[PDB]
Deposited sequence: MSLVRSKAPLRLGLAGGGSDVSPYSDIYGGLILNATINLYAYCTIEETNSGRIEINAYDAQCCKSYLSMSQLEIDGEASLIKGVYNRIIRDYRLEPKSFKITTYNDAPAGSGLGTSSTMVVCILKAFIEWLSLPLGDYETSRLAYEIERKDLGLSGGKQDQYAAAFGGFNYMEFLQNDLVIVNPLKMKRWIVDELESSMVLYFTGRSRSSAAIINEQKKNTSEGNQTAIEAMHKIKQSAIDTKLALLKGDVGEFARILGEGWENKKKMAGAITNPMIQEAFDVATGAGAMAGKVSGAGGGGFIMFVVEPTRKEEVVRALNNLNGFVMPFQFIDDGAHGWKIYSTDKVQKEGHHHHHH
């Protein structure tokens, strides 16, 4: 059997500049980082002309006939979605296997859950069938499967982070090319940043989007130098800018700055010696603090020889 896991991510700056058609016309820049919340998958080749699916994340535990393709009932779309593309792209005969899947964060959450799971399933298949697919190809394949085959709309930063891993500076160039600049992060900066962070779960746009894109640049420079204070400043200036309301009762008992991400989730930047104070105050509210650590590795698979 083969197993695989992929990490979820945190958007540090540039969020949105990667989404079409803004990226297509102006070009996007994003700085993100993978965290220790994962999507897992294991694939074991069975010889019962069947395909069993135990997708805890897709509330699905059915069995199907080992076909060449599997219709998208709307159940276990991610797994079926990956499998179908694999059979087509390599023209392989139907396969018999049992596949299990589960995630560390719910569907929404806003941490790239869906893209991370797809990458994770791909990695399993890659390991399971020795597919000639590396980081770039995997991310590409993942996006294509999720954003086209399944008709799911989103940016491009999630597939790549899950596949590549660590702290990345991504350039989304026109003609949908993408450059991933894998950044090495000194251990003290990584530690300082985490001790400075709290994860809390509760036209003229363009002109704004340009500022956001520009923030990816200033944030890179700021964190490379370990200047968390400037990072905090950049987040605030951004928050102020993305307002000129729902639950800012969280920002009420806050720290230095904050940034709101998809799926109802605030990334606070606090003074390390006050981080605990912030976590207790936020914990009194209706939401909860999500403990985490940055993880340097991207998706990967391994085999267990029985």
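Peer 1: What are the missing stretches of the deposited sequence, listed from start to end?
Peer 2: Unobserved in coordinates, per deposited numbering: 1 to 2, 205 to 225, 268 to 278, 298 to 300, 344 to 357.
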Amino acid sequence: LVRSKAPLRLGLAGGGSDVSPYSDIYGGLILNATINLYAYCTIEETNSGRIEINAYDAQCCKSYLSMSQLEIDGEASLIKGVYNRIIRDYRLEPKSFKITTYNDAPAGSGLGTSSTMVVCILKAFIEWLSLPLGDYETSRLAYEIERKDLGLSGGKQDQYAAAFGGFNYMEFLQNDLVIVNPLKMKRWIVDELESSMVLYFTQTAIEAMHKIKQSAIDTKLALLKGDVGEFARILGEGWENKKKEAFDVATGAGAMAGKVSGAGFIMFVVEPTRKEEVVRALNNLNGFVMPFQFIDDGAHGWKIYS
From here on, numbers count along this sequence of modelled residues.
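Peer 1: Look over 117 to 125 and 230 to 238 in the entry and identify the one with the greater average Cα temperature factor.
Peer 2: Result of the comparison: 230 to 238.
Peer 1: Of the two stretches 291 to 299 and 18 to 26, which shows the higher Cα B-factor on average in the entry?
Peer 2: The stretch with the larger average C-alpha B-factor is 18 to 26.
Peer 1: Between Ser196, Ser139, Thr204, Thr101, let me know which has the highest C-alpha B-factor in the entry?
Peer 2: Of the candidates given, the C-alpha B-factor peaks at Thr204.
Peer 1: Would you mind finding, among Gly81, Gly165, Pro106, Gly134, the residue with the largest C-alpha temperature factor in the entry?
Peer 2: The C-alpha B-factor peaks, among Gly81, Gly165, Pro106, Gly134, at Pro106.
Peer 1: Using the temperature factors of the C-alpha atoms in this entry, rank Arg91 within its chain: lowest, middle or highest third.
Peer 2: CA B-factor rank for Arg91: highest third.
Peer 1: Using the B-factors in the PDB entry, rank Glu192's C-alpha atom against the chain and give the third, lowest, middle or highest.
Peer 2: Answer is lowest: the recorded C-alpha B-factor places it there.
Peer 1: Relative to the other modelled residues of the same chain, rank the CA B-factor of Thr273 and answer lowest, middle or highest third.
Peer 2: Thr273: CA B-factor falls in the middle third of its chain.
Peer 1: Sort the modelled residues of this chain by their C-alpha B factor and say whether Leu65 lands in the lowest, middle or highest third.
Peer 2: As the PDB entry reports it, the C-alpha B-factor of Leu65 lands in the highest third of its chain.
Peer 1: Quick one: classify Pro182 as lowest, middle or highest third of the chain based on its Cα B-factor.
Peer 2: Ranked within chain, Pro182 CA B lands in the lowest tercile.
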